[PDB]
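> Protein chains in written order, with the authors' numbering: chain I, 2 to 198, 227 to 269, 279 to 367; chain E, 2 to 368; chain A, 2 to 11, 20 to 48, 51 to 82, 85 to 91, 96 to 118, 121 to 124, 137 to 138, 140 to 166, 169 to 226.
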């Protein structure tokens, strides 16, 4: 019920994530500084490739009112009624008077204080809900302090709609705790195997909780496509090279990252790829002996210099490996 | 009669347990700051995995009245009678008039001032006790200030029921000191072997609807995480666990179940953003009869660094275990299990190939 | 060249920073070419208090009034191609264009600053430049001593494989970008 994927991937200097001052992000791990790529970055690259490949896109935006305003303006509303109607959309929902808005900016609709995260067709449906109540909106647009006239239940039902990215990574909305979705994916911070003081061979790890992804999408068939698509995105995408080794395990008790395997930094002077793959192999072997399990393992590698026996059955290609382990789960 | 378990476990840029401001909790120990995971957190993770694996779940809740209200409502009571009956449940017990309640919230039943900690089927039995006396509850529901009509002895007997988690970690009720159970487990605060400076990750959420002449990043913040090799320790007082469950066979399953949970579980705070799942690098179960001894002084002198702390931490815990067995002689049944094979670690007793084999051998050595 | 870690005390403005860097060096020289770069360089490292600063230099510095209580200083002479080494740097990406009523000033964003920079390095050392996209100064009243301006720096960082050593080192000694006398120019490298 847990699919975890490990990956060793050397990376070019340009693709690395930067801190606030421009330096690549670093972990002092194992006592030695190691450059890292933050998880939120590679996760963003994964969600954009998944949305682009699976076709449905979700939108994390602070400016929902302005976007609803373009849809109401294309529906035939006057610009002022479109702005007042979109304000009614965010004013009609939540415990307090309405969703809190940022200070008003000249000539533009105010941004909400919190980042909404909803699929695109759901935003259009919010426009339709604000559309059928056009006269009530026109009457409240004349008042000095208009109140939330639109039905709250209909809007909350639209804001609960889930994209594949919402099903996979979860969302959070503090004013509407009914819309919060538990994420089904744990994405670790990719750090280097060796100390770096940029370039290097990063270790990458990620989990997929099948019980929660099946619970989110509901049907197991869309969860199956979501998992296979996620794993392929995990291998293909770069935050803006192919991974040197990939190891998908399908474990039922609990996910286990092999990050302790690289806590002792590699010395150097020689290519870290072969030693990193061999070290991940020895740690996988030692963990399968120490923690016995029936987990369906499997790996795919570029190097043929070693058999790497502990990483399970070898597959010739990454898509063959993904298809075999997803079909195994 | 004392089973104590030691464990070295590295966590990579986890930040599993945060303070009130978001920074990971730290101990200034040995003169050097060392990030720590609070004991109550890992204890919560252990009790949820134990309840989930052993099947029986206990519920620590500040809103018992509302839950009894759903059971009485599913028994055929009207909503108002269900609310009045659950108020009678908490009103009928305790020294004073009743269990004190928090200020009333609109549309919802008031929460008790103190957190109740009782198994789920016991809450359902409280619903049955309030159910049998439905007419008396209906008569007191009409009065302005209804009194505790339900029998106090039956309710107190239901509130005394113990889950495995109650048997293991104990409970406290101030209004009903008869229900308090002494915990059988001492859970130490997991601190790092080495000194750790809190590492700040500056992050920004990017906005998806652009405006002209702006990439328009939506939000900015600095989230602080940390990594390191934690030392972990815990005790199990077999005499109290046997006293709580009563029978030695359920205590045996509870102990083995606890030790496995201690090894398997992790705090789970900020794990979607960082996958901190990891197995301990070394585990050392001792079955001592005189008194439990934590090896935390072994790591009071912080490790210097630049090299992997795992091998030095395991070797240092070995030297301190050797030194203590010489200084404090005992017949305690020892035993350990390790990932590294670079050292024999002779003082930690008989080596076992796997964690379940070690747990089964030391639990079988104590019961 | 030679490197020192130094720290001015009381710094109110940037020009007085410049002047505090030149008044501790008596014998100064200047070798110029019509269009090429002039042949110290310096980087501001901690500015809210006093102001710690790393200086690259040709002529030797000795502590002055209100200086350090000591003369750190090392003289260094430079780096194998293909090898990666740590970089670093502050510069001012610009675009000069006819101004209403000339003006220094994809293309702003973080991508033409990367274009601009890798243009700066050219065939020298290949590198990645931390993209910034956002300091004021005025004359202290001294005659013929500048006036008042604005500006915008950008810091850049990582390991930079060099493709021409003598020429990237040439770039290290000459400086990258305008306003070298106001904090910019200095590129710092270290082995990986």
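Where is the CB? At the ideal position from N, CA and C, for every residue including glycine.
Between the stretch 163-172 of chain E and the stretch 241-248 of chain E, do three or more beta carbon pairs fall short of 8 angstroms?
Contact holds: three or more Cβ-Cβ distances are below 8 angstroms.
> Does the Cβ-Cβ distance between residue 93 of chain I and residue 150 of chain I come in under 8 angstroms?
Going by C-beta atoms, residue 93 of chain I is nearer than 8 angstroms to residue 150 of chain I.
> Just the chain E side, please: which residues come within less than 7 angstroms of residue 324 of chain I by C-beta, in chain order?
Residues of chain E passing the Cβ test: 340.
> Using a Cβ-Cβ distance cut-off of 8 angstroms, determine whether residue 405 of chain I contacts chain A.
Shown here, chain I extends from 2 to 367; a query on residue 405 of chain I therefore has no answer.
> If you follow the beta strand (DSSP E) that residue 266 of chain E is part of, which residue opens it and which one closes it?
No beta strand (DSSP E) holds residue 266 of chain E; DSSP gives it neither H nor E.
> Please work out which residues of its chain come closer than 8 angstroms, Cβ to Cβ, to residue 107 of chain I, disregarding the five sequence neighbours upstream and downstream, and give them in chain order.
Nothing listed; no residue qualifies.
> Which chain I residues sit within Cβ distance under 9 angstroms of residue 311 of chain E?
Here the neighbours are 31, 298, 301, 302.
> Would you please state the rounded distance, in angstroms, between the beta carbons of residue 338 of chain I and residue 352 of chain I? I believe it to be under 8 angstroms.
Contact holds; Cβ gap of about 7 angstroms.
> Would you mind telling me which residues of chain I sit closer than 8 angstroms to residue 356 of chain E, beta carbon to beta carbon, in chain order?
Residues of chain I passing the Cβ test: 328, 329.
> I'd like to know if residue 24 of chain I contacts chain A, where contact means its C-beta is closer than 8 angstroms to some C-beta of that chain.
So, interface residue.
> Name, going along the chain, the residues of the stretch 36-58 of chain E whose beta-carbon falls closer than 8 angstroms to a beta-carbon of chain I.
Listed in sequence order: no entries.
> From which residue to which residue does the alpha helix (DSSP H) around residue 359 of chain I run?
Element bounds for residue 359 of chain I: 356-366.
> Indicate whether residue 128 of chain I and residue 72 of chain I have their beta-carbon atoms separated by less than 8 angstroms.
Against a cut-off of 8 angstroms, the Cβ pair of residue 72 of chain I and residue 128 of chain I comes out as a contact.
> Would a C-beta distance cut-off of 8 angstroms place residue 162 of chain A and residue 324 of chain I closer than the cut-off?
Going by C-beta atoms, residue 162 of chain A is not nearer than 8 angstroms to residue 324 of chain I.
> Can you tell which of I:33, I:333, I:109, I:35 has the C-alpha that lies nearest to the C-alpha of residue 83 of chain I?
Per the Cα distances, I:109.
> For a contact defined as C-beta to C-beta under 8 angstroms, what are the partners of residue 273 of chain E on chain I?
Those within 8 angstroms of residue 273 of chain E in chain I are 170, 171, 184, 186, 187, 188.
> Who are the near neighbours of residue 73 of chain A in its chain, counting only those whose CB is closer than 6 angstroms to its CB and skipping five residues on each side?
So the list reads 82, once near-sequence residues are dropped.
> Residue 230 of chain E to residue 30 of chain E, Cα distance in whole Å?
Answer to the nearest angstrom: the Cα atoms are 15 angstroms apart.
> Tell me, to the nearest whole angstrom, how far the beta carbon of residue 96 of chain A is from that of residue 183 of chain A; I am working on the premise that it is less than 8 angstroms.
Not confirmed; about 35 angstroms, so no contact.
> Could you give the C-beta distance for residue 59 of chain A and residue 220 of chain A, rounded to a whole number, given that I count them as a contact under 8 angstroms?
Actually they do not touch by this definition, with Cβ atoms about 20 angstroms apart.
> Starting from the N-terminal side, write out each stretch of the alpha helix (DSSP H) that is 4 residues or longer and does not extend beyond the stretch 294-346 of chain E.
The qualifying runs are 310-328.
> With 8 angstroms as the threshold, decide whether the Cβ of residue 363 of chain E is near any Cβ in chain I.
Output row for residue 363 of chain E: interface = no.
> What residues from the stretch 177-200 of chain A come within 7 angstroms of chain I, judged by C-beta to C-beta, listed N to C?
Per Cβ criterion, the list reads 189, 190, 191, 192, 193.
> Measuring alpha carbon to alpha carbon, tell me which of A:170, A:189, A:158, A:211 ends up nearest residue 21 of chain A.
That would be A:170, whose Cα lies nearest to the Cα of residue 21 of chain A.
> Is it true that the CB of residue 107 of chain A sits closer than 8 angstroms to the CB of residue 61 of chain A?
It is not a contact, given that the beta carbons lie outside the stated cut-off.
> Please classify residue 121 of chain A as buried or exposed, where buried requires at least 16 neighbouring CB atoms within 10 angstroms.
So residue 121 of chain A ends up on the exposed side.
> What's the gap between the Cα of residue 242 of chain I and the Cα of residue 259 of chain I?
Distance between the alpha carbons of residue 242 of chain I and residue 259 of chain I is about 11 angstroms.
> Where does residue 74 of chain A sit, in a helix, a strand or coil, going by DSSP?
Coil at residue 74 of chain A, not helix or strand.
> Suppose contacts are defined by Cβ-Cβ distances below 8 angstroms. Is residue 207 of chain A in contact with residue 2 of chain A by that definition?
Cβ atoms of residue 207 of chain A and residue 2 of chain A: closer than 8 angstroms.
> Shorter than 8 angstroms from the beta carbon of residue 235 of chain I to some beta carbon of chain E?
Answer yes: the Cβ-Cβ gap between residue 235 of chain I and chain E drops below 8 angstroms somewhere.
> Apply the 10 Å Cβ neighbour rule to residue 221 of chain E and answer buried if 16 or more other Cβ atoms are within range, or exposed otherwise.
Classification for residue 221 of chain E: exposed.
> Output yes if chain E places a C-beta closer than 8 angstroms to the C-beta of residue 64 of chain I; else output no.
Yes, residue 64 of chain I counts as interfacial toward chain E.
> In chain A, what lies closer than 9 angstroms to residue 227 of chain I by C-beta?
Per Cβ cutoff of 9 angstroms: 101, 103, 160, 191, 192, 193, 226.
> Less than 8 angstroms between the CB atoms is what I'm expecting for residue 120 of chain I and residue 59 of chain I, so what's the real figure, rounded?
Going by Cβ atoms, the distance from residue 120 of chain I to residue 59 of chain I rounds to 5 angstroms, so yes, they are a contact pair.
> Ends of the alpha helix (DSSP H) at residue 5 of chain E?
Counting along the chain, residue 5 of chain E falls outside any alpha helix (DSSP H), though it belongs to the beta strand (DSSP E) covering 3-12.
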